[PDB]
Amino acid sequence: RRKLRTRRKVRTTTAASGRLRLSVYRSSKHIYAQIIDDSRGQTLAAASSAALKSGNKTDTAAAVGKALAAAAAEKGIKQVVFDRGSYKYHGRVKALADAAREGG
Amino acid sequence: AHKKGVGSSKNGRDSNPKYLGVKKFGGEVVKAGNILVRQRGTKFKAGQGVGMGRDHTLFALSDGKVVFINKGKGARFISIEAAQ
Amino acid sequence: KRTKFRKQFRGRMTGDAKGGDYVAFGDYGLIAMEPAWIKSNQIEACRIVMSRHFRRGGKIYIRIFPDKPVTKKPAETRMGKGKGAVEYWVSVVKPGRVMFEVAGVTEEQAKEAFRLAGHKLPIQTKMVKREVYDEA
Amino acid sequence: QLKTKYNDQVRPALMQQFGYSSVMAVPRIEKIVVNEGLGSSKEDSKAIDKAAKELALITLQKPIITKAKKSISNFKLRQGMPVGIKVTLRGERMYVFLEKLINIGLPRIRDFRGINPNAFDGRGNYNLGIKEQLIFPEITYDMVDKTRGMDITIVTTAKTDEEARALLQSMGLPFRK
RNA sequence: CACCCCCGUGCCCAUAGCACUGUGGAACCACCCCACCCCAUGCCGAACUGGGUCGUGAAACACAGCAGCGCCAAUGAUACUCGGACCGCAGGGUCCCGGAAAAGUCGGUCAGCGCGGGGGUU
RNA sequence: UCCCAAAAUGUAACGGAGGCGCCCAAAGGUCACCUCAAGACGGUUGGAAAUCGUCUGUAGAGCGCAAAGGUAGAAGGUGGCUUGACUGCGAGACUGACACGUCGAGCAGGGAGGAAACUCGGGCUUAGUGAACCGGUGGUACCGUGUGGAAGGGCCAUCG
Ligand SMILES: [Mg+2]
Ligand SMILES: [Mg+2]
Ligand SMILES: [Mg+2]
Ligand SMILES: [Mg+2]
Ligand SMILES: [Mg+2]
């Protein structure tokens, strides 16, 4: 249950990896796909869906991922850690991954 | 041969050698590998540059300075605040 | 008297009364002035003394209970192990501890039943009254 | 096959009986649980398939065998052995088996008068009690093994037993008068 | 950190919690809606998961009230005690010097502090 | 293993209690998912418990065993795929008079799981053991009595 977020969130070994974390809010249709800094209580990049959804709501998949990947290079970011909230990595979120995995 | 018993009941020899506890403390310099805690379960859980062996042994990953964080029992952590 | 379920054996140590008020349950009490080990039989001896004196009714509060097990020397030796499970049960009494308290009896009636029970005890005692309301 | 007949007749009537602020604050039927607590005295490998196959014809669902809680008590009690048969019904499949009850189940019962109305599950729920097996539309003695029964639970979104009592009857349910 | 609010995510993980009570819907979020597939239920789209509105804000959530319960908790005093020095045949006890509780009482609390994105001051 | 053991470690007695001399081809690796005991009220064989349902619920359960520590953000419970229950090595510590014993990051060859970060050199840990000597077996081609082989030995592995 609420145990699934804390589960993946705990297995996201913060500073040992060195990398930055990539959060996602696909529980609703306003996916928040954020780049969050480990040490500092800071959020660096991020790409939503509320600000022009492009007709699509669940199909906006790659759109938010592409938006993010592009916003990452604008800051420099190349090393990442993806955190599938409670979302069983398959559809909506599996696309956002490849969308960013090919956009940098 | 008797109809009574094998080993005689009501004893009191038996005990075992045993060790344990904290090895390195808050404000000590550590080299990498240095064991800082010997324990049973997870009295103290690992932190920054602190590993955990098969037998819950807490050891240094990288050289520096031992730091203890006491959040309130159970939430106990040993960390290394790298000197450089 | 004895306890229903347990461990079998114990130890020994002493220092001033931990949990003994003054006026709980009863109107008049009997307090220890010396430390001791109250044998099951000494309490029973005190109870019967008081019960007889206060013929009918039943208003005796025995605030002490024998829970400590004591041991014994079979007849000789030392060339064996730890001993005698079933010797006697005891209540570790320290000065201040209310051992007994009475109700529905006069100052004079109580004065005596405690004066009698005192003669059966292995320590010096003092008879008391009310004005202790600590925590309830 | 019953959906709108739950709405149109029951749904507005409850706001016209009581008076809810919203169409959502009106009690609803959460789920229907069918349980076959056999075994104990019926410890057979043959009896396992028996009720399970019989249940597959009535609910149109494959039933689950709820194993024992590894309770090895004084009497005939042991490890996780097959002791109960469960099947859950919600939404589409729920109303298929609920309609089948009020029409063929409930009236076509030998020694029938009505079901227990008295305060059931205090927090707005119902737990129906069946005492035979030869009282169902797709169950006959021709293609079986022996004689038995079953137990059925009705889970509802009702806040109280008072609001639960109305919903069950207005849907079509017998109450002993 | 112009200011209000919301969705994410932190440090802090009960002075942050529960209960009771009230406000918020079509911005956001929630149920809801249908599902033949992707994918999924040792049975059941309950949950995961897909396509999407409407309908509602019921439930959930967020926010606000409140000191009934939790939680936090003094000052004083005592227990105990390092060191100094004694009493008693003993169980056991005392004095001087610092250290110092636990429980209880007074009382304090329905937190505080970041980063990003979304929507408002008609 | 706990207590004695005097809040570090250690500490004796024919002192107080209690276990071990194995087990698991998954009860290992990894990736997924799941969340307990109990009680109240309501119901088929039933009815003290059982299989079902809602309401309370740091855990009062479980962890192959003894107990202690630990633990639900799982070490508990379920499944897919697997063989790291790897070979060559060990920075640096723990612990012991020794001889033993413990933990271990990191490097190479090869792999397993996962999209991936990563994790994997048995098992939540703390018991399940036995120096050396003589010897059985598979590998190796170091020695091999004038030379070349061979017997015999050595060396890895492993059994008594
Ligand atoms: Mg307190
Ligand atoms: Mg001094
Ligand atoms: Mg002194
Ligand atoms: Mg003396
Ligand atoms: Mg003093």
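Residues numbered from 1 in each chain as written, not as in the entry; some residues may be left out. Chains lettered and ligands numbered in written order. Part of a larger assembly, values for the part shown. Heavy atoms only, no water.

Its PDB header attributes the entry to X-ray crystallography and lists the resolution as 3.2 Å.

**Points about the packing of aromatic side chains**
Residue and element names in this part refer to chain D. We apply this condition: Paired rings are identified among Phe, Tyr and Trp, the last through its six-membered ring, by centres lying within 6.5 Å, and are further divided according to the angle between planes into stacked (under 30 degrees), edge-to-face (over 60) and tilted (the rest).
What the rule picks out here adds up to five aromatic pairs over all chains. Look at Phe18 and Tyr20: their rings are 6.0 Å apart centre to centre, the planes differ by 45 degrees, and that puts the pair in the tilted class. Centroid distance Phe120 to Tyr126: 4.2 Å. Interplanar angle 10 degrees. Geometry classified as stacked.

**Some points on the protein's contact with RNA strand F**
Rules: We call a residue near a given molecule or strand whenever any one of its heavy atoms falls within 4 Å of it. Whenever two N or O atoms come within 3.5 Å, that pair is a polar contact, provided that in protein one can donate a hydrogen and the other can accept it, and provided that, for residues adjacent in sequence, both atoms are side-chain atoms. Secondary structure elements are taken from DSSP: a helix is a run of H or I of four residues or more, a strand is a run of E of two residues or more, and numbering for both begins at the N terminus. Each residue is assigned to one class: nonpolar for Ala, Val, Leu, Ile, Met, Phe, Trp, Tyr, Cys and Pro, charged for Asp, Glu, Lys and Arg, and polar for all the others, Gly among them.
Surveying the vicinity of RNA strand F reveals 81 residues, the closest of which are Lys23, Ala32, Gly33 and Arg40 of chain B together with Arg148 of chain D. The sugar-phosphate share of atoms of RNA strand F within 4 Å of the protein amounts to 65%. Measuring from a base nitrogen of RNA strand F, one finds a backbone N or O atom of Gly37 of chain D at 3.0 Å. Looking at the surface near RNA strand F, the elements that each hand over two or more residues are α1 (3-11) and β3 (80-83) of chain A, β3 (35-38) of chain B together with β1 (29-36), β2 (64-67), β3 (82-89), β4 (126-130) and β5 (150-156) of chain D. If you tally residues by element for the surface near RNA strand F, the top one is α1 of chain A, at eight residues. Of the residues that constitute the surface near RNA strand F, the class distribution is 25 nonpolar, 27 polar and 29 charged.

**A short note on the pattern of salt bridges**
Residues and elements named next belong to chain D. Just so we agree on the cut-off: Any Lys or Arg side-chain nitrogen found within 4 Å of a carboxyl oxygen on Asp or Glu counts as a salt bridge. Throughout this description, buried means an accessible area under 20% of the type-specific maximum (1.4 Å probe, protein chains only), exposed means over 50%, and partly exposed covers the range between.
Considering all chains together, one arrives at 11 salt bridges over all chains under this definition. Here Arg123 makes a salt bridge to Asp121, at a shortest N to O gap of 3.9 Å. The class for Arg123 is exposed, based on a relative accessible area of 60%. Residue classification places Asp121 among the partly exposed residues on the basis of a relative accessible area of 22%.

**Observations concerning the protein's contact with RNA strand E**
In the vicinity of RNA strand E lie 50 residues, with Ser28, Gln34 and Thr43 of chain A, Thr14 of chain C together with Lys62 of chain D positioned nearest. Of all atoms in RNA strand E that approach within 4 Å of the protein, 76% are sugar or phosphate atoms. For RNA strand E, a phosphate oxygen lies 2.8 Å from a polar atom in the side chain of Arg92 of chain A. Between RNA strand E and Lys71 of chain B, the relevant distance is 3.1 Å, taken from a phosphate oxygen to a side-chain nitrogen or oxygen of the residue. The set of elements that each furnish at least two residues to the surface near RNA strand E consists of β1 (20-23) and β2 (34-36) of chain A together with β2, β3 and α3 (92-105) of chain D. If you tally residues by element for the surface near RNA strand E, the top one is β3 of chain D, at three residues. Of the residues contributing to the surface near RNA strand E, the split by class is 14 nonpolar, 17 polar and 19 charged.

**Considerations on the sheet that holds β1 of chain A**
Residues and elements named next belong to chain A. Let me state the cut-off plainly: By this definition, two strands are paired if DSSP reports at least two bridges between them. For helices, the axis comes from a line fit to the C-alpha atoms of the stretch in contact; other axes are also lines fit to C-alpha atoms, and the angle between any two N-to-C directions lies between 0 and 180 degrees.
The strand order β2-β1-β3 describes an open sheet built from three strands, whose pairing is mixed. Edge strands, defined here as strands with exactly one partner in the open sheet, are β2 and β3. Put simply, the sheet's adjacent strands are angled 30 degrees from each other on average, direction ignored. With three bridges connecting them, β1 and β2 associate as antiparallel partners. Bridge pairing in β2 places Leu22 opposite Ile35.

**Observations concerning a positive patch on the surface**
Operational definition: Patches here are clusters of residues that have more than 30% relative accessible area and form no salt bridge, with a 9 Å joining cutoff for like charges and a 5 Å cutoff for nonpolar side chains (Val, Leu, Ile, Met, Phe, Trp, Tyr). Accessibility throughout is a Shrake-Rupley quantity obtained with a 1.4 Å probe, and a residue counts as covered only by protein chains that appear here. In summary, the charge assignment counts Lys and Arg as positive and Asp and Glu as negative, without counting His or the chain termini. Note that the charge is assigned to NZ on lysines, CZ on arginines, CG on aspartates and CD on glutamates.
Together, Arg1, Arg2, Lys3, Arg5, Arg7 and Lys9 of chain A line one region of the surface with positive charge. Here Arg7 of chain A is to be found in helix α1.

**Concerning the sheet that holds strand β5 (residues 50-52) of chain B**
Residues and elements named next belong to chain B. Taken in spatial order, the four strands of this open sheet run β1-β3-β6-β5, and their pairing is antiparallel. Of all strands in the sheet, those with a lone pairing partner are β1 (21-22) and β5, marking the two edges. Strand direction decides the pairing type here: β1 and β3, joined by two bridges, are antiparallel. From the neighbouring strand, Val22 faces β3, where its bridge partner is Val37.

**Points about the packing of helix α1 (residues 40-53) of chain C against helix α2 (residues 107-119) of chain C**
All names here are of chain C. To keep things clear, this is the line we draw: Any angle that falls under 35 degrees is termed roughly parallel, while one over 145 is termed roughly antiparallel, one within 65 to 115 roughly perpendicular, and all others oblique. Should the near helix be turned counterclockwise from the far one by less than a right angle, the crossing is left-handed, whereas a clockwise turn marks it as right-handed. Contact criterion: two residues are considered in contact whenever any of their non-hydrogen atoms come within 4.5 Å of each other.
Look at α1 against α2: their axes get within 9 Å of each other, and the N-to-C directions meet at 150 degrees. It follows from the interaxial angle that α1 and α2 lie roughly antiparallel. The handedness of the crossing between α1 and α2 is right-handed. Contacts from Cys46, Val49, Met50 and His53 in α1 reach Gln109, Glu112, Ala113, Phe114, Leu116 and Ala117 in α2. Tallied by class, the residues present in the contact of α1 with α2 amount to seven nonpolar, two polar and one charged.

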